[PDB]
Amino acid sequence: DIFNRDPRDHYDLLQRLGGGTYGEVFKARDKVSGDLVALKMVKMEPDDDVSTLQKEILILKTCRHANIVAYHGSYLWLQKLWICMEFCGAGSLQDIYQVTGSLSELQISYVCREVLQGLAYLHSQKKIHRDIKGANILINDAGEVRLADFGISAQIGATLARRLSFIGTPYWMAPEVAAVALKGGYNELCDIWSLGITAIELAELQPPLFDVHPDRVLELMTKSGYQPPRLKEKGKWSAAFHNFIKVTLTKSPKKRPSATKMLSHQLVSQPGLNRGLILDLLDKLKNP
């Protein structure tokens, strides 16, 4: 499927959006159609075990949904893997709230509905995002919401398949060992919890315990008496938003509702939720 041609043949590079250890990301325009796309250039040549890049592109190609970042194709030219994906002009919700500040309850309910639609699709295809957060929710110039960055789920998928699933007989394995061998010890409902933390992150600019050291947070959550977090200010939010947080953050995965069940909740089912709510957020981003 991968094009073994130079990406500069089909697209014009405009500017560097970001980068890091994995690869640089660029804004680019299609030569024929003029439509914008993002190109993630990954340095791929002497790197061992490229099953992570292989599973990420596979996840992207098979995902066809409005609330999942669209995938256009891939290129291999001069030992660099350029992944062509949907351009989302306003960047991530994190990039936005760092300038605009706290989102409104209706703007958060629109984002939650759009993420839940994307999660119900991923879960129906037997996929787990495993990294739902403001930084992985992209917003385009039309105010549309997209789930992005399946890099964590690709690292987990590649590990729990060949690198950690070359084991014989399950007959003597305890049920907790069987769960790790088959799934990794958890199910798609971990994304529902992460959405609940993301809803707090949009309301308060931080997830709960963000000031606590990451090693200390792992221990608190694993302690027997761990209480799920709640919204700091009570009066500022309606009873529907407090109940959405309460149900998405159910400690027990067996009792936590699914993505399709969460779409019937009042906060998410109310009328008046549309991309206009996020265009109002982007006007605050554009005008000081």
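Residues carry their position along the shown sequence, with the first being 1.
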Subject >> Between the two ranges 20 to 28 and 276 to 284, the one averaging a larger CA B factor in the entry >> reply: 20 to 28
Original post:
Out of 97 to 105 and 162 to 170, which one has CA B-factors that are higher on average in the deposited record?
Top reply: 162 to 170
Original post:
Which listed residue, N187, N136, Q79, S194, has the largest C-alpha temperature factor in the record?
Top reply: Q79
Subject >> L249 by Cα B-factor - lowest, middle or highest third of the modelled chain >> reply: lowest
**OP:** Quick one: classify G73 as lowest, middle or highest third of the chain based on its Cα B-factor.
**Re:** middle
**OP:** Just say lowest, middle or highest third for the CA B-factor of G157 relative to the other modelled residues in its chain.
**Re:** highest
**OP:** Divide the modelled residues of the chain into thirds by Cα B-factor and specify which third, lowest, middle or highest, holds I200.
**Re:** lowest
Original post:
Lowest, middle or highest third: where is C112 by C-alpha B factor in its chain?
Top reply: lowest
